[PDB]
Amino acid sequence: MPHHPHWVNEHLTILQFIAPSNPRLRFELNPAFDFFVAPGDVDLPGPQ
Amino acid sequence: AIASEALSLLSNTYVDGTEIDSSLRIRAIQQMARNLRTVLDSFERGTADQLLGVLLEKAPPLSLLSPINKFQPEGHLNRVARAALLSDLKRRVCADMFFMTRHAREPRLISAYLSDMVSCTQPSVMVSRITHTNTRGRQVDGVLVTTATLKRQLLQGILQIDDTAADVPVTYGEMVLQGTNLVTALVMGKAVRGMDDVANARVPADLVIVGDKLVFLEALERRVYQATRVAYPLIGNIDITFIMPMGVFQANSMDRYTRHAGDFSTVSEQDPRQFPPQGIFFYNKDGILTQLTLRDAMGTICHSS
Amino acid sequence: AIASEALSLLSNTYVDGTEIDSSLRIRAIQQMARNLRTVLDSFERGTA
Amino acid sequence: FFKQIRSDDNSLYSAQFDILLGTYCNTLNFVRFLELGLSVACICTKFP
Amino acid sequence: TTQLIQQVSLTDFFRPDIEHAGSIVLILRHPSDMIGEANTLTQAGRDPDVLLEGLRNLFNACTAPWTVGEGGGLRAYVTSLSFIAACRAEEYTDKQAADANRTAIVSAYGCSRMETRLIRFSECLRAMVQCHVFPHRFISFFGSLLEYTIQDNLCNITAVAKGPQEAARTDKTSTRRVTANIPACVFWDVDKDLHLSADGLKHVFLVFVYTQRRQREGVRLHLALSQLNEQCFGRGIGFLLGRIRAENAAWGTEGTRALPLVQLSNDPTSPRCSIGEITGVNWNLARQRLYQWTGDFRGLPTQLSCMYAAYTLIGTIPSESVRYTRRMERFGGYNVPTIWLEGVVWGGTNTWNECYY
Amino acid sequence: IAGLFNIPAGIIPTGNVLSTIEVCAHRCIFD
Amino acid sequence: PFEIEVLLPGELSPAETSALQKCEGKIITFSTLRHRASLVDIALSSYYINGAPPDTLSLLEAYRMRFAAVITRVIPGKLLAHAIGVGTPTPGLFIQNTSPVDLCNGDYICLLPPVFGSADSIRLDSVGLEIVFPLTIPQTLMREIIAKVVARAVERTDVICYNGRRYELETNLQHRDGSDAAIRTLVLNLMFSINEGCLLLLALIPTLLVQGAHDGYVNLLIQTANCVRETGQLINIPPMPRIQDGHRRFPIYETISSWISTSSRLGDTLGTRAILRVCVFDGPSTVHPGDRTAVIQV
Amino acid sequence: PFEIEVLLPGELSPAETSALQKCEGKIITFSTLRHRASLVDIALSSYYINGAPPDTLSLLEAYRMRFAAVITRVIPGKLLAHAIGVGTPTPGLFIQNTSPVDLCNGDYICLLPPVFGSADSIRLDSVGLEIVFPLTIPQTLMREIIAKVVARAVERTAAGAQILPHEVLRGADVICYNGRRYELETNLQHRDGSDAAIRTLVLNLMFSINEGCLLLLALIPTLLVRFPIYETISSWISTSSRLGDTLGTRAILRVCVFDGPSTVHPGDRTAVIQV
Amino acid sequence: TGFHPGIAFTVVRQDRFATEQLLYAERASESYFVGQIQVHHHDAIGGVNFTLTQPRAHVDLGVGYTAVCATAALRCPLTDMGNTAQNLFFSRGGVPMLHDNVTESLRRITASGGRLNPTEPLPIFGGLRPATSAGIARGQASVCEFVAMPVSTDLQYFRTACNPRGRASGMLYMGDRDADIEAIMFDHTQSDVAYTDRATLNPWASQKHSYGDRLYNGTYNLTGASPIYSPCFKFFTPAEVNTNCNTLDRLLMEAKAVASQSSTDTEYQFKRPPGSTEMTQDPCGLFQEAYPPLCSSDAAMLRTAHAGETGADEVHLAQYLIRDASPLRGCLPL
Amino acid sequence: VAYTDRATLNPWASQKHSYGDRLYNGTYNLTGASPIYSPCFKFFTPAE
Amino acid sequence: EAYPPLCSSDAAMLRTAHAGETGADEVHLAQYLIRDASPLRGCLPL
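Residues numbered from 1 in each chain as written, not as in the entry; some residues may be left out. Chains lettered and ligands numbered in written order. Part of a larger assembly, values for the part shown. Heavy atoms only, no water. Residues with missing side-chain atoms left out of burial classes, pairs and counts.

For this deposited structure, the header cites cryo-EM as the method used and 3.7 Å as the resolution.

Below, the structure is given as structure tokens:
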């Protein structure tokens, strides 16, 4: 775990979620989808 | 400014006589004349900007000068009278900020204020041979310089015009040192004017009668400051401070009351208006609601200072 | 020797004509005359 | 340019031209300090 | 359009009688500053007073030897370029031109106490470059000689400061104009070594090549004339002097484990020394080892012990396609090959650029 | 510093001044 | 006053002559100075090194070697221009701003190739050449650009904030002959800044870290630095040797002086040198891109 | 010829006027050139930054961006000056020696903020400002002067930082010129400007140099027989380059003496030529 | 997280408005002397630049005041009454924290949730200017300065023209000696001047070396490197003065439209640019007072449900609503 | 710009490729075959 | 920009029982009523 996850800080209010300092703001585009980042060129499930 | 080819064509000193440059020389001379005729009038115009701008640093505010001029028992006052007068000064300054905007409907407060402003200053020396006068012969007293908007607002129904033309001197009245004045300024280093001790033009200009005096009214924006790159004075700025508490909590049981029974009912069991507040609400420049919470103070309280 | 100000008072080339400087120009050309009359005689005396 | 017409073609009778319909300028009147009503606020004089 | 500089001085290094009008004249700083600089800049281990021995004998063989120490204004201020050219004539490449100028300056001068003076000056410079007291900060530059007046052993000379060369009036010679004259030994143009076109404007520089070895040091003086840029001259000179540069880098100084900082900082689990112990209460058991490094570097070539040249801009020549002329004419009672430069504008501040590479 | 000219300096006055009021009440404008 | 006359080629199209009249106060370079010259020298084709258009590192070396000239009033036939480098009086000299950054009074001007977006330059189809004009920025911005370009060079073998505005650089390093040459001149300056006195200055790190706290100013010095902050808490620095002749010598004097001359040479050999100073009489205090200012020869 | 006129203020004490008459040939440094200027640009008030009075490192940067001038003559109601700037052909340009070292012919002039002792200056208590004049030293001595002053300050920090001082030494530092010694800062006490104006100067010098023979020792470990590693390089180049432009050496005048005394002492005035 | 600690704040803001003025003058108010013009040949960029110059002299012939000025009407406001906090991270000099990650995270968290912040690279040897944003919306933003105070503080004090220092000061309370401006600015051995029943309002920003006074005083120079303007500076600087005439004359002379202390080009209200010469009238600065605008701790009690005028309740249960008492009452549309 | 305290009001129709932007931009041509007018069109086109 | 017309999430709070003007309350319990701020204020009879 090099950094901290971005899906675990759900205590933010609407103001803090909207403010430009929110790093996960750019990935909130569609209300029916979730845009995340994942290592490319791998198959799920994969190795241990 | 003068251009290089223009000066080269002018410095020929009769080394020419063709037909093409006979026009270029004429046009260069015409350009020089056109530029000089305006450079000269620039000084006549800037005289009136040097004036009207030498006086803004001498004129103090009317809201302060008028009650000081009303209260003159002996000039010097005791501490009690000074404090009583400072309270009135504060009160007057807090209220009489914008006359033409607040009392824009009522047109007699404006005339009263104008009369008070006129009868507030003191006259000066009167030595003169010819001075500005109307067609009848009455002498003028002061000048009211303003913007065209305020001029129109005053001339519509507040003030009354007395005359449209006036007589004005046309002489400068030079002076020079000669005679025994030159010899005493070289061997001693002093001089005195005189040194003889033995012991009109009809010009259109608006004139109004405010109070009991006859004053000139000027709103120069087209004769001067028109189509130039300088700004018009009398458009100054006023700075004002505002102060607001954020999270005060009245720690008492007699002031945490309500003025009616069902003031702001709520379906919840705990009324969320007994807890201490955190932010403050007010209006923006354009009437938008804004909010200043405690979190916004995180830049001055969380410092190493 | 000739001072700097006295030099500029003569290199003006008729850019003046008021009253007080006309005297400064007079005492300027007088110092040159009083000085030049001595340096010339200085050679005459220097021969001996 | 090598223009070769077969025999009495077009573009031999069209007289296209530009035309100038005149020019204009301003006047730029002047103003004196004494004609202004402000001159009754001070007593000016000359002093060389 | 031009300005002049006057100065009176003793005539033991300069003779405005024999020197041609238009030659280069240089001046010297007070010799008392040499010892104050040597005893503080001398390399460790070397003797610092050999310069004093070499300097005292110089004035011992010079007139008025009891006038050193006060600097009242009556010392040997100025000197000539041919003087140094003859003092170091045994080092220039043009063998015959060097020795001809040497004998000429010996004969035209007193010729009695002149040879001794020359050898004293020779080892004087040799000891100058022995303790890093390099003689490029003590030799300034004056313009070409224009007028002079002397009565005995003391002369008042005036020279141009900056501007066109033929804009003055010497007013006592045949013509009222003079041109720059230099001995053919010092002249050395670099563009004809570097093989580039010689057209347009060209700058003038003076260089001071240094050789540093054990009991064998040398110092020449070359007047370079090149079209190369103001700073690019340094890179150009190194290509021709690549030998002496490498010789000095190995024979300049004649009088230990690494540490993997980036390695042990890229990897964790190394002995840390957080600020909590450097606060200053027990800052010895906190830093007990933390490393050892057993490190020290005392004897290494400094940038001052590997210097081999020092140049300075003097003037330019605006006329393209210069046509400098070389010929032999009488100098006193002997003939010497001189090069004649025409139309050279003097100028430029006296700043020395040192080529240590 | 001032006072180089005589303060009274009785001569023909240039012109008469008006508004005879208490001038000692404000003397900061004066030199 | 020295000027050079550039003979424009004949048979020029009227559109190009007008575009050439737009370039009133720009800067051009010359390989050899002469009163009469040709248009081939000013053309970028003259900058070619082997057979190809030059590189940004090769351009930095051509700028030092070549002479500098300033364009002035251009007539239909001739193209007047004055010299800069050689000492020559020029009354009323002016330059047109070509950099996207603003200039003010008392700024030294440098000269670097176009590192930002595609250089605006006049192109001549009939003649077949094109002329690229160099870019002029102040000294402070100059040293920052060189620092990042050299660092990127070592990487192979960017954002700059000015006046609260960020920019980018598209450096070009398609050649290799010039890239390794900058590495040589760099390490040669670091190697000549090492004398017997580093040991003392390298032993003052702990007291520097102590002085870092309760000062509120050295911290900013410490944060920008990386080495001394890391070595301060990782190395022991054996205590001290002695001096060979300490009775008459000062060892820390050279190192504090040997570095002074080295640092001054660093800013010039790595890039270019200051060429001009801007000082306008009776003009605005800040100039905007595209406007002209009166500058003084350095 | 371009000349600047400094308006003398009214109601000035005669003592302050007489002292202004003394500083005839001294150097004034103007921010923006204009034929008419005010004393506020001359006083030290215009020199200080961030509210606090200016620093030696700040003064060095001030002398480069700011333009210099030279007073020519004072008048009981006016003050004149000439510029050493663009192209002015100033006739009869003479300056007064302000440094304790002597000057000779053919010596170029540089400038320096006062470092040796307390700077002398005229102080106008009535108006409430003072005017500080810069130091005028030759070129060859300038590079040595700076290196000696900074090296003196580091010695003081070492004697304080090290638990024991390494006192054994050669005696007292001294600058010799024309057979005259200056013997600066004899006593250890009286730390007047030790860390008062050269404090920040030593700091920036103590960091770039420390980064100098450390980066090489951390990049090529062959010399002696998570980590950026590139941003440190770019930061070192940007700093060392700026610091070098700071401690520059550019001559401003040349002492060209005709029919006069060659050597000149502190307090004398000589005619100088514009370089 | 929203937990309320035991402290309250007072925010101070400053705005500027462009107004129209009206000036009156007497007949013989000044004597004007004009000299003769001079010509100055001078080289130019391409040609020649002639310069004409003429000197003049002016003397007021007043045995009193012969000129008056009054701000009559009001034009559009220039600045904006927004909510832009002041970042104290633009300064350097104070004693920092021992651990550098602590202060790094502190600065990062302070920058998060704000508008103006120092650039991240944090350039050494610079000015630490904020990043230039894009186009502006409705005028230049104005900063707000916060001052801490005890929670249970008199709320009635903020309903009139109060003073942010907590204790009335100024040179307007004198009469016998000169060493009294210093007496009534910090001496808490005697009662306040205005409210003669207590020393001060908040004992944290009114003493000689209290927290607020140490923050900004002018003689301590804590924010010298900060390029942003500080409106609470004038209420804390002692503003020395001498005695030459009576207090009435001193007051009448102080109001002379002193120079500005801001900028009219930027959008962040930076410090006054050195060299810019524009004169603005500064009331309520020579009196050391501030006007409270229409504010309310709650938003519901701000507007009544009648499609018109706004509500004016004082306190509902524990909230409050301060009625506007500023000179700008019949302006600023709602 | 208008409210200098937040990035957007809704983060679903204001990004470069948000849902509301992808629905209609004028440069993506999603409703080209639709003959009905769309009023919200003029608010999402870059409008060069 | 766009102008919001007279709308409300509820129909009861739209009209008052006074035989005349319409109601203009803001929020009753959880609903809302936006007051009209469109240029068409003195037209479109009700």
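Anyway, onward from the coordinates.
Participant: Would you explain the pairing of strand β5 (residues 154–160) of chain E in this entry?
Facilitator: In regular strands, side chains alternate between the two faces of the sheet. All names here are of chain E. Counting buried positions over the 7 residues of β5 gives 5, a clear majority of the element. Where strand β1 (residues 4–10) meets β5, 7 bridges bridge the pair, whose relative direction is antiparallel. Looking at β5, one finds that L4 is bridged to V160. Examined bridge by bridge, strand β4 (residues 142–150) and β5 share 5 bridges and lie antiparallel to one another. Pairing of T149 across the sheet is with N156, part of β5. Between β4 and the antiparallel strand that follows it, β5, lie 3 residues; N153 among them carries a positive phi value of about 55°. (Buried < 20%, exposed > 50% of the residue type's maximum accessible area, 1.4 Å probe, protein only. Helix = DSSP H or I, 4+ residues; strand = E, 2+ residues; numbered from the N terminus. Pairing = 2+ DSSP bridges.)

Participant: Is there a simple way to explain the nonpolar core in this structure?
Facilitator: Soluble, globular proteins show a tendency: their nonpolar side chains are buried together. In terms of nonpolar packing, the biggest core is built from 87 residues, with G:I137, G:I145, H:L112, H:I145, H:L205, H:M206 and H:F207 touching the most fellow members. The dominant element in this core, judged by the number of residues it contributes, is helix α4 (residues 199–215) of chain H, at 10 residues. Filtering out sequence-adjacent residues up to four positions away, H:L112 remains in contact with H:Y63, H:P134, H:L135, H:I137, H:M142, H:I145 and H:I146. Of all hydrophobic cores here, the second largest spans 70 residues; its members include E:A85, E:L118, E:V204 and E:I317. (Core = buried A, V, L, I, M, F, W, Y, C linked by side-chain atoms within 4.5 Å. Contact = heavy atoms within 4.5 Å.)

Participant: Got a minute to help me understand the interface of chain I and chain B in this structure?
Facilitator: Interfaces are often described in size by the accessible area the parts lose on coming together. Contacts between the two partners involve 125 residues from chain I and, on the opposite side, 112 residues from chain B. At 18 residues, the largest contribution of residues to the side of chain I that touches chain B is made by strand β1 (residues 8–25) of chain I. Residue composition of the side of chain I that touches chain B, by class: 74 nonpolar, 36 polar and 15 charged. (Nonpolar A, V, L, I, M, F, W, Y, C, P; charged D, E, K, R; others polar.)

Participant: What's the story with the packing of helix α10 (residues 251–269) of chain G against α4(H) in this structure? I'm lost.
Facilitator: The geometry of a pair of packed helices is captured by two quantities: the angle between their axes and the separation between those axes. Interaxial distance between α10(G) and α4(H) falls to 11 Å at its minimum, and their mutual angle equals 85°. Taken together, the axis directions place α10(G) and α4(H) in an arrangement best described as roughly perpendicular. Mapping the contact onto sequence places G:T255, G:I256 and G:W259 in α10(G) and H:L205, H:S208 and H:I209 in α4(H). (Axes fitted to C-alpha atoms, helices over the stretch in contact; angles between N-to-C directions. Parallel < 35°, antiparallel > 145°, perpendicular 65-115°, else oblique.)

Participant: Teacher, can you tell me more about the interface of chain E and chain G here?
Facilitator: At the junction of the two partners, chain E supplies 47 residues and chain G supplies 38 residues. In total, about 4200 Å² of surface goes out of reach between chain E and chain G, with carbon and sulfur atoms giving 58% of it. Counting the surface chain E buries against chain G, the share from its top three residues, E:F297, E:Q303 and E:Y357, is 15%. The interface formed by chain E and chain G includes 0 salt bridges. Counting across the chain E and chain G interface gives 12 residue pairs in polar contact. When residues of the side of chain E that touches chain G are traced back to their parent elements, those giving at least two are α1 (32–41), α9 (261–266), α10 (275–278) and β16 (353–356) of chain E. Taken together, the residues that form the side of chain E that touches chain G break down as 20 nonpolar, 19 polar and 8 charged. (Buried area = accessible area lost by both parts, 1.4 Å probe. Salt bridge = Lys/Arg side-chain N within 4 Å of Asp/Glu carboxyl O. Polar contact = N/O pair within 3.5 Å; in protein donor to acceptor, adjacent residues only side chain to side chain.)

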